[PDB]
Amino acid sequence: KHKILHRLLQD
Amino acid sequence: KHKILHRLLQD
Amino acid sequence: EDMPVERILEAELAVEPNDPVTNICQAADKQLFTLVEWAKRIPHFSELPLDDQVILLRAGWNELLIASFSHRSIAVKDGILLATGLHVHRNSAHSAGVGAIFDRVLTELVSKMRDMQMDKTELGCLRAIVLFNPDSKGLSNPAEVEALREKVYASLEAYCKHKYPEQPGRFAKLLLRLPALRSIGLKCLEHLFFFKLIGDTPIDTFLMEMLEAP
Amino acid sequence: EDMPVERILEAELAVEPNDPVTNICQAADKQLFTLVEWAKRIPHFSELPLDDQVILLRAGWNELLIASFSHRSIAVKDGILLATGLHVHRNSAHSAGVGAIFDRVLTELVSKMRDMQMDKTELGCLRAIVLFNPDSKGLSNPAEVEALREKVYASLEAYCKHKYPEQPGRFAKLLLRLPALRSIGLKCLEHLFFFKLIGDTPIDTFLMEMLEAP
Ligand SMILES: CC(=C/C=C/C(C)=C/C(=O)O)/C=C1\CCCC(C2CC2)=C1CCC(C)C
Ligand SMILES: CC(=C/C=C/C(C)=C/C(=O)O)/C=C1\CCCC(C2CC2)=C1CCC(C)C
């Protein structure tokens with residue numbers, strides 16, 4: 001869950 | 001409206 | 001300009017020396033009468049016009065009562081002590097379907113008050129700040145209420161730093177429990193309105209009056 | 001211990017140089033991407049475990065965005081300036097059925113920020129305090145988040161008093177807008193969930209993700 005947020009925080 | 005509160009504050 | 005913490009502490013000491021939901025609602029009604037006596041003892045509250053005194057209490061009663069039973073329960077393990085002398089255990093609240101909000105009170109309020117050892121003077125000042133809520137709609141003179149609020153937190157800060165010089169962030173820590181109190185206060189009202197709608201769960205006259213519109 | 005207001009101000013300046021509801025929801029989605037970039041610029045946020053970074057942003061995004069568009073609108077008469085460059089006038093909000101919450105934002109947030117001339121550093125610190133919310137459920141290490149919050153308000157107070165020595169109650173006044181922000185934040189979420197339920201009113205992917213459970 002929360003695909004977008006994780007991707008943005010990691011990058 | 002608010003009968004109880006008024007009575008208590010006034011007394 | 002005339003808002004001594006001593007008077008606020010006195011106000012606190014003056015008013016306070018099987019469905020758990022029903023017991024909670026009964027304690028709430030009982031405490032509403034006591035809340036009026038408490039407010040009257042807060043410096044300058046009684047000098048405000050009657051209509052504004054009504055607005056302030058209707059706007060803050062739920063947060064004011066929650067702050068009080070939360071602080072009262074600091075000595076309690078996993079439960080809350082009601083004004084009626086009854087204790088509600090975490091397990092009891094959970095088994096009644098109100099475990100979520102109960103846990104928020106224990107975690108966000110009680111545990112935090114216990115951890116920082118919030119004292120009665122500080123509790124009293126925080127409630128006085130909540131009472132003097134300048135954002136309350138309908139106030140005839142909001143600036144006046146805001147002025148009283150400012151005098152309360154000015155006195156509270158002086159009290160802190162003098163009483164707890166070694167804890168410079170204490171004053172801020174106290175004010176920072178207000179957002180939690182506001183959120184919990186709103187959730188508790190939602191529960192009350194649902195109980196009133198569903199019927200069952202007796203709701204006494206003063207508590208019921210607070211649920212009146214607005 | 002390492003939380004300079006200068007870095008917080010930089011974070012603020014770095015991210016920000018016919019149904020009004022649809023425009024508001026579009027601006028919200030757009031700003032969520034920018035919010036992530038803002039947070040990454042807040043000292044120590046990125047050092048927290050990824051799971052806690054997610055929890056903190058999911059818990060505070062609505063309040064964080066509201067604080068931002070509210071401060072941005074201090075120059076606006078009776079309206080709000082959206083990040084998309086669009087303006088929503090009080091009359092427009094009212095004619096769309098969202099006048100009540102709109103008025104709360106103007107009265108409880110915008111007007112108050114304007115009246116005390118809240119500056120960007122203060123705004124940045126208040127948002128950093130909201131970001132570092134130790135009450136967020138699921139946090140792997142709440143004490144760590146609480147420590148960061150404490151460092152932020154310690155720095156904020158130092159900034160005030162040094163910048164505004166003649167206003168001793170300024171620091172408290174800033175923290176005292178947080179309860180209002182919390183209440184308004186909750187009401188805005190209620191509106192969003194209703195819009196999602198009713199359908200209509202397009203809701204983009206990031207905004208939609210924030211509405212996911214929990
Ligand atoms: C608004 C209010 C007031 C509590 C007053 C008391 C109990 C004062 C006292 O004794 O000193 C609290 C309520 C209301 C209905 C909804 C719920 C909860 C759904 C039961 C609670 C209780 C709040 C905590 C204990 C969980
Ligand atoms: C949660 C949120 C976020 C706003 C983000 C923006 C618009 C950022 C920006 O541009 O800089 C705000 C919402 C959500 C849906 C419910 C309503 C309101 C029912 C429309 C509002 C807008 C809040 C004020 C303007 C009234």
# chains A, B, ... in the order shown; residues from 1 in each chain; ligands from 1
$ residues_near_ligand --ligand "ligand 1" --cutoff "9 Å" --atoms "only C-alpha atoms and all ligand atoms" --output "ChimeraX atom specification"
/C:20-32,61-70,72,79-86,88,93,96-106,184-193,195,207
$ closest_atom_pairs --of "chain D" --to "chain A" --cutoff "7 Å" --atoms "only C-alpha atoms" --output "JSON lines"
{"residue": "D:36", "atom": "CA", "partner": "A:9", "partner_atom": "CA", "distance": 6.7}
{"residue": "D:54", "atom": "CA", "partner": "A:5", "partner_atom": "CA", "distance": 6.9}
{"residue": "D:206", "atom": "CA", "partner": "A:4", "partner_atom": "CA", "distance": 6.6}
{"residue": "D:209", "atom": "CA", "partner": "A:2", "partner_atom": "CA", "distance": 6.2}
$ atom_distance --atom1 "CA of residue 9 (chain C)" --atom2 "CA of residue 42 (chain C)"
9.3 Å
$ residues_around --residues "region 169-171 of chain C" --least-positions-apart "3" --cutoff "7 Å" --atoms "only C-alpha atoms" --output "PDB file with N, CA and C atoms, in the first residue's frame"
ATOM      1  N   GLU C 157       3.389  30.304  31.782  1.00  0.00           N
ATOM      2  CA  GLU C 157       4.806  30.242  31.455  1.00  0.00           C
ATOM      3  C   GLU C 157       5.651  30.706  32.640  1.00  0.00           C
ATOM      4  N   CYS C 160       5.803  27.963  35.084  1.00  0.00           N
ATOM      5  CA  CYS C 160       6.787  27.001  34.609  1.00  0.00           C
ATOM      6  C   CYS C 160       8.061  27.847  34.577  1.00  0.00           C
ATOM      7  N   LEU C 174       3.325  21.548  27.348  1.00  0.00           N
ATOM      8  CA  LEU C 174       1.960  21.619  27.859  1.00  0.00           C
ATOM      9  C   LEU C 174       1.003  22.093  26.760  1.00  0.00           C
ATOM     10  N   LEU C 175       1.343  23.193  26.090  1.00  0.00           N
ATOM     11  CA  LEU C 175       0.476  23.713  25.031  1.00  0.00           C
ATOM     12  C   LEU C 175       0.323  22.711  23.889  1.00  0.00           C
TER      13      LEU C 175
ATOM     14  N   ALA D 154      12.103  24.440  20.262  1.00  0.00           N
ATOM     15  CA  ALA D 154      13.141  25.096  21.048  1.00  0.00           C
ATOM     16  C   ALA D 154      13.753  26.174  20.141  1.00  0.00           C
TER      17      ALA D 154
END
$ atom_distance --atom1 "CA of residue 128 (chain D)" --atom2 "CA of residue 158 (chain D)"
15.4 Å
$ interface_residues --of "chain D" --to "chain C" --cutoff "9 Å" --atoms "only C-alpha atoms" --output "compact mmCIF listing (two decimals) with N, CA, C and O atoms, in the first residue's frame"
# COMPACT_ATOMS: atom_id res chain seq x y z
N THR D 107 -11.10 32.89 8.94
CA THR D 107 -11.19 33.47 10.27
C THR D 107 -10.19 32.93 11.29
O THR D 107 -9.53 33.69 11.99
N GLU D 108 -10.08 31.60 11.35
CA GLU D 108 -9.20 30.97 12.32
C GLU D 108 -7.74 30.87 11.91
O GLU D 108 -6.85 30.78 12.77
N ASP D 135 2.41 11.50 18.16
CA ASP D 135 1.18 10.76 18.44
C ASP D 135 0.71 9.90 17.26
O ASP D 135 -0.27 9.17 17.37
N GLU D 150 10.64 18.57 19.76
CA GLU D 150 11.16 19.42 20.83
C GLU D 150 12.27 20.33 20.33
O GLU D 150 12.35 21.49 20.72
N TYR D 153 10.57 23.25 18.31
CA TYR D 153 9.99 24.35 19.06
C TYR D 153 10.99 25.09 19.94
O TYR D 153 10.76 26.24 20.30
N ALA D 154 12.10 24.44 20.26
CA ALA D 154 13.14 25.10 21.05
C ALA D 154 13.75 26.17 20.14
O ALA D 154 13.95 27.32 20.56
N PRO D 168 6.61 39.04 23.94
CA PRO D 168 6.87 37.84 24.73
C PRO D 168 5.88 36.69 24.55
O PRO D 168 6.25 35.52 24.72
N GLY D 169 4.64 37.00 24.21
CA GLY D 169 3.64 35.95 24.03
C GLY D 169 3.53 35.42 22.61
O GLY D 169 2.64 34.62 22.30
N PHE D 171 5.54 33.33 20.80
CA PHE D 171 5.80 31.90 20.68
C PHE D 171 4.54 31.10 21.05
O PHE D 171 4.14 30.18 20.34
N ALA D 172 3.91 31.46 22.17
CA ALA D 172 2.70 30.76 22.59
C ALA D 172 1.57 30.99 21.59
O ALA D 172 0.82 30.07 21.25
N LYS D 173 1.46 32.22 21.09
CA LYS D 173 0.42 32.56 20.12
C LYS D 173 0.54 31.69 18.87
O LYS D 173 -0.47 31.26 18.31
N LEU D 175 1.96 28.58 18.67
CA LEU D 175 1.57 27.21 19.01
C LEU D 175 0.06 27.09 19.20
O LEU D 175 -0.53 26.03 18.93
N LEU D 176 -0.57 28.17 19.65
CA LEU D 176 -2.01 28.14 19.89
C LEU D 176 -2.90 28.19 18.65
O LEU D 176 -4.13 28.26 18.77
N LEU D 178 -2.38 25.77 16.51
CA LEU D 178 -2.35 24.34 16.17
C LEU D 178 -3.66 23.59 16.46
O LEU D 178 -4.02 22.66 15.73
N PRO D 179 -4.39 23.97 17.53
CA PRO D 179 -5.65 23.25 17.79
C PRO D 179 -6.62 23.56 16.65
O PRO D 179 -7.33 22.68 16.17
N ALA D 180 -6.65 24.83 16.22
CA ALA D 180 -7.52 25.25 15.13
C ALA D 180 -7.14 24.50 13.85
O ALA D 180 -8.01 24.04 13.11
N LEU D 181 -5.84 24.39 13.59
CA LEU D 181 -5.36 23.69 12.41
C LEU D 181 -5.79 22.22 12.42
O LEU D 181 -6.16 21.66 11.39
N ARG D 182 -5.75 21.61 13.60
CA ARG D 182 -6.14 20.21 13.77
C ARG D 182 -7.64 20.01 13.48
O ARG D 182 -8.02 19.08 12.76
N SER D 183 -8.47 20.89 14.03
CA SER D 183 -9.92 20.83 13.83
C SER D 183 -10.30 21.06 12.37
O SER D 183 -11.12 20.33 11.79
N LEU D 186 -9.33 18.11 10.22
CA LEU D 186 -10.26 16.98 10.33
C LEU D 186 -11.53 17.19 9.51
O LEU D 186 -12.03 16.26 8.86
$ residues_around --residues "residue 52 (chain D)" --least-positions-apart "2" --cutoff "8 Å" --atoms "only C-alpha atoms" --output "MDAnalysis selection string"
chainID D and resid 48:50 54:56 138:140
$ closest_residue --among "D:77, D:127, D:7, D:90" --to "ligand 2" --atoms "only C-alpha atoms and all ligand atoms"
D:90
$ atom_distance --atom1 "CA of residue 115 (chain D)" --atom2 "CA of residue 2 (chain C)"
25.0 Å
$ select_by_dssp --residues "chain A" --states "helix (DSSP H, G or I)" --output "PDB file with C-alpha atoms, in the first residue's frame"
ATOM      1  CA  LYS A   3       2.849   3.058  -3.607  1.00  0.00           C
ATOM      2  CA  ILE A   4       3.319   6.693  -4.667  1.00  0.00           C
ATOM      3  CA  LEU A   5       4.502   8.052  -1.317  1.00  0.00           C
ATOM      4  CA  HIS A   6       7.093   5.276  -0.838  1.00  0.00           C
ATOM      5  CA  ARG A   7       8.504   5.763  -4.342  1.00  0.00           C
ATOM      6  CA  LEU A   8       8.803   9.524  -3.847  1.00  0.00           C
ATOM      7  CA  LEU A   9      10.490   9.244  -0.446  1.00  0.00           C
ATOM      8  CA  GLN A  10      12.965   6.603  -1.603  1.00  0.00           C
TER       9      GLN A  10
END
